[PDB]
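In the text below, chain A, chain B and the rest are named by the order of the sequence lines, each starting its count at 1. Values below: every heavy atom of this structure, side chains too, minus hydrogens, waters and symmetry copies.
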Amino acid sequence: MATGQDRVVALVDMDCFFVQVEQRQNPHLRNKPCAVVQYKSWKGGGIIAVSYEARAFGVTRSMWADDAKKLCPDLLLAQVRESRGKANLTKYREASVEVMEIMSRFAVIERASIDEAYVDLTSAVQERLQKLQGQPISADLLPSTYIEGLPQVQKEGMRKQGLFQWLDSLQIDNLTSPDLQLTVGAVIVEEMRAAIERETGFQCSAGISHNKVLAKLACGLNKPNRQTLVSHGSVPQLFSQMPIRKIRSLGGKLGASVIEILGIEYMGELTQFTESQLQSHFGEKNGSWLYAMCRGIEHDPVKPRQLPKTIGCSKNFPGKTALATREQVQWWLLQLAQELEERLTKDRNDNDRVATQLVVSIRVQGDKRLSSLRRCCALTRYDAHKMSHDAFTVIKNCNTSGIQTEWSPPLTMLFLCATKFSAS
DNA sequence: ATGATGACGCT
DNA sequence: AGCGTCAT
Ligand SMILES: [Ca+2]
Ligand SMILES: [Ca+2]
Ligand SMILES: [Ca+2]
């Protein structure tokens, strides 16, 4: 019987990363309730990142700034840079590369988003294990680590108590014990996080466990600027009252149908179903994955990949701003094509690859899906005017309008994705 | 009128 | 190829 303790995997999360970037640049924003906003005009701007001081007053992501200031009147706002009429996230993409380069010195990392990376510590841990002459692990090597499920009046008091219980029972004589291995992973993640902070001023959270889903769950248990070790043995207690929708990839329609088809609420309850039963309800792939997951077993690998596989540029045109003339459809395409070329040229010189395919996506008024339609064409020159002309060429026939100069039904979204990279 | 992106599965 | 799901 396999237990999914082959690997040591971590998820590192830059807590409210865009806010940290702005608070490093503007010291007057540090240790204050504050948030980062996109587009000041409509209701003060849509909030895309919130410091923990502001989260205490109820300010959340996607809330309008004008509504946020009702919950939190002293809230400081930093504004996202705008280029060619759209939000430009270049400042944060650069900072994110800063952090992942430091992370790369410690283990192999998979960029999960601008602010999160998975980390495969298996080889790093094995190496570090030979280097420790069977020596004990000091609690002073784990100054921000929580041990989930432990211990069994002061918050710092609880943490150390749990950690001392953990360390006391540790079997340092067995170089293949998965609990010892997780502990060494956790010392390394402490080291990687002290270096990120030392070399960028950014703080981050982490979770350490045996796979990606446990690492991501562990990461969210103690935030901010804290890390959590979730061992294989903590899983049954942890899953016993864990809502299904908190497990990675179960927050959407699949999760809700697990809840509804099976009549359960919590991840642990999935253990009473056979793998064939789960496969018959959710399909061979989903059932196998579920069967193992509710037991803390998951095999999705940490892909060694710091660089995205698509480079894309989108802008929404909601409400009355939706595009309705051929003229303005062509101008935004041009605006979108131009920011895309800057990014592509920076990527050709920075990462020695060239993209070869161009995906144009649009969304129409009334349709409530992300994309209404997706068409592709070749990407031969990094030239904004060719790319916009070709993007337009590829979507023209969607215009059902009669008047030449008009576009119906209005476009609420324009999207240009460069993909199918190749070595250059 | 929760945006701008990104990864991936299915057919 | 083109659409759907899940996520930050
Ligand atoms: Ca928003
Ligand atoms: Ca944590
Ligand atoms: Ca899956």
Exercise for review: Might you work through the side-chain hydrogen bond (donor to acceptor under 3.5 Å, both in side chains) test for A/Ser361 and A/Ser371, ending with a clear yes or no?
Suggested key: CA-CA 6 Å; A/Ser361 196; A/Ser371 165; 3.0 Å; yes
Review point. When the ring centroid of A/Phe202 is compared with that of A/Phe17, is the distance short of 6.0 Å?
Key: yes
Sugar-phosphate only, base, or nothing, as touched by [X] at under 4.0 Å among non-hydrogen atoms:
{"X": "A/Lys420", "answer": "nothing"}
{"X": "A/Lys86", "answer": "sugar-phosphate"}
{"X": "A/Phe17", "answer": "nothing"}

Review point. Expressed as a whole number of Å, how far does the P atom of B/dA1 sit from that of C/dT8?
Key: 23 Å
**Study point:** Outermost nucleotides of DNA chain B that come under 4.0 Å of a non-hydrogen atom of chain A
**Key:** B/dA1 to B/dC10
Point to revise | From A/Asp179, A/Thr145, A/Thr183, residue fulfilling side chain to side chain donor-acceptor pair (under 3.5 Å) relative to A/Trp166 | key: A/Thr183
Check your understanding: Among residues 328-357 of chain A, which residues get a heavy atom nearer than 4.0 Å to DNA chain C?
Key -> none
Exercise for review: Apply the side chain to side chain contact (heavy atoms under 4.5 Å, CB included) test between A/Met293 and each candidate in A/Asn211, A/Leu250, A/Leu270; give the one that qualifies.
Suggested key: A/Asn211
List for me each residue that meets side-chain contact (heavy atoms from CB on, under 4.5 Å) alongside [X], sequence neighbours excluded, and say none if there are none.
{"X": "A/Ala35", "value": "A/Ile47, A/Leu75, A/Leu77"}
{"X": "A/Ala337", "value": "A/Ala384, A/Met387, A/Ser388, A/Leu416"}
{"X": "A/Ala139", "value": "A/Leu163, A/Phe164, A/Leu167"}
{"X": "A/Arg248", "value": "A/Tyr118, A/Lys212, A/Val213, A/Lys216, A/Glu298, A/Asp300"}

Study note, to complete from the structure: With sugar-phosphate taken as primed atoms, P, OP1 and OP2 and all else as base, the protein-contact string of nucleotides 3-8 of chain C at under 4.0 Å (heavy atoms; B, S, -) is BBSBSS
Point to revise | Cationic tip of A/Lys396 above A/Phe392 ring, under 6.0 Å, 45° of axis | key: no
Show me the side-chain donor-acceptor pairs of residues 403-410 of chain A shorter than 3.5 Å, one per line, residues at least two apart or across chains.
unit_1	atom_1	unit_2	atom_2	d
A/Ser408	OG	A/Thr400	OG1	3.2
A/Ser408	OG	A/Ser401	N	3.3

Practice item. To the nearest Å, give me how far apart CZ (A/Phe415) and P (C/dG2) are. Key: 16 Å
Exercise for review: Provide the full list of side chain to side chain donor-acceptor pair (under 3.5 Å) pairs with a residue in residues 375-387 of chain A, sequence neighbours left out, each pair given once.
Suggested key: A/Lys386-A/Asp390
Check your understanding: Tell me the side chain to side chain donor-acceptor pair (under 3.5 Å) pairs involving residues 58-67 of chain A, sequence neighbours left out?
Key -> A/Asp67-A/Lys70
Exercise for review: Under the side chain to side chain contact (heavy atoms under 4.5 Å, CB included) rule, what do A/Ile109 and A/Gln306 come out as? Steps first, then yes or no, please.
Suggested key: CA-CA 7 Å; A/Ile109 87 159; A/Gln306 221 155 316; 4.0 Å; yes
Exercise for review: Could you say whether A/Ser62 or A/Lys285 is positioned toward the 5' end of DNA chain B, judged by the nucleotide with the nearest heavy atom to each?
Suggested key: A/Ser62
Practice item. Please step through salt bridge (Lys or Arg N to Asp or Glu O under 4.0 Å) for the pair A/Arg128 and A/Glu191, ending with a clear verdict. Key: CA-CA 12 Å; A/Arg128 174 64 159 274; A/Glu191 276 156 15; 3.0 Å; yes
Check your understanding: Can you list the stems that DNA chain B is part of, where a stem is at least 3 pairs in a row, each Watson-Crick or G-U, with both distances below 3.5 Å?
Key -> B:4-11 with C:1-8
Check your understanding: Can you list, by residue number, the residues of residues 306-318 of chain A that have a non-hydrogen atom closer than 4.0 angstrom to DNA chain B?
Key -> A/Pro308, A/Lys309, A/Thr310, A/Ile311, A/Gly312, A/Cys313, A/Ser314, A/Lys315, A/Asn316, A/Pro318
Practice item. Tell me, with the steps shown, if A/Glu275 and A/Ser288 meet side-chain hydrogen bond (donor to acceptor under 3.5 Å, both in side chains). Key: CA-CA 6 Å; A/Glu275 180 179 12; A/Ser288 290; 3.0 Å; yes
Review point. How about A/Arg105: does its CZ atom have over 12 heavy atoms from other parts shown lying under 6.0 Å from it?
Key: yes
